[PDB]
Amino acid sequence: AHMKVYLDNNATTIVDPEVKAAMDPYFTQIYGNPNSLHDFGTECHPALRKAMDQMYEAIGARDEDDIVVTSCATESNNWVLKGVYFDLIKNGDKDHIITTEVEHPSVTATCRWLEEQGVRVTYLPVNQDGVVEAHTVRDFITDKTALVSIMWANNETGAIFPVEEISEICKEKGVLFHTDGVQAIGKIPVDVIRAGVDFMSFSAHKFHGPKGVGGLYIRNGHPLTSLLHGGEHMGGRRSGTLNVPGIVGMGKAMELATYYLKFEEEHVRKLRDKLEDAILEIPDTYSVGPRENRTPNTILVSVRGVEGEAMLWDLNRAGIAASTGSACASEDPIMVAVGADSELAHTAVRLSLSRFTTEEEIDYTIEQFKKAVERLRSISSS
């Protein structure tokens, strides 16, 4: 019968009960402010130390590097972009920023505002594989380009970007490299020195951490004008009282994410493959992006004659939670990723699994997906 099933994990994830249990004491039992000197404030210090160590270990950062705890990855992207604009463009000799058209709104709208501040930005268009290659940014760097900001993995298609090669090209030309790694943590191996990035954004509520806490990785403590001034929190890089429960839960979730990636990647990937094979068995269906360079939990299927929003609605009525993704038509016939702002864009259904997805959920989802496609095709003009 009716069964509630969650497959919109790329938008947000359930908080692991272990993460919530790790967070629980730091509301009422342990509540002191960590910058105070009395025992109430210092009581949480070992927990904060352990959480920061878990984060450093989870992304492979070194001791010279910095990991600043933000409120969200949106804050991290705003901070990196506007700070490099302030440092190298308004008070520097630069005026160019390189990014892609398929970035998160926290990057796109900030860059548009920066364009309103006179900054030249080239949003690199995306290829059939749902990726931007390194030779493109390499051809697009000038002597006045301040920063290259390219997401690690896309949240609609799950396509993984070649971060190491882009970082190499950026280091040779001497321009800083920021990556939006929110879709990378918990789904692909994350080593910020092997990836060669100067800045990385990530968000806890995407790998089963709590909402309201994010992070910014900075390599070797590179100077970046603070977005929040005030006290000397986070080494004087981001003022405001520490979100102690957020930090503790974020550390626990990041450790758990690396653990379930290292031992349990086959389970999420096997179930995703099962679901995708079953869905593509329906005639005139196409999964966007090659699977061998896609995160193990993501499917983006475009159904012909049916509209993506109608499929999402009928699925939600069946208790299945999914999302949308922009795709366009092409030949080589394939459906490919495209910016949401295109006039040739249609909406495909995005299904994103997690380590909590069961095989019963996948069977129910397969049955209901077939049911919804046949039913909505029964009403289509075509």
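Numbering starts at 1 and runs along the sequence shown.
Per the record, residue 332 and residue 333 are separated by a gap of 4 to 9 residues from the deposited sequence that were not modelled. Relative to its counterpart among 343-351 and 65-73, 343-351 has the higher mean temperature factor, C-alpha atoms as listed in the PDB entry.
Higher average CA B factor: 128-136, of the stretches 178-186 and 128-136. Across the residues 242, 170, 213, 80, the deposited record lists the maximum Cα B factor for 170.
Per the deposited coordinates, the residue with the largest Cα temperature factor out of 37, 52, 30, 327 is 327.
When the modelled residues of the chain are ordered by their C-alpha B factor, residue 217 lands in the lowest third. Residue-level temperature factors show residue 108 in the middle third of its chain, judged at the C-alpha atom.
Ranked by Cα temperature factor within the chain, residue 47 sits in the lowest third according to the deposited record. The PDB entry assigns residue 199 a C-alpha temperature factor belonging to the middle third of its chain's modelled residues. Among the modelled residues of the chain, residue 59 sits in the middle third by CA temperature factor in this PDB entry.
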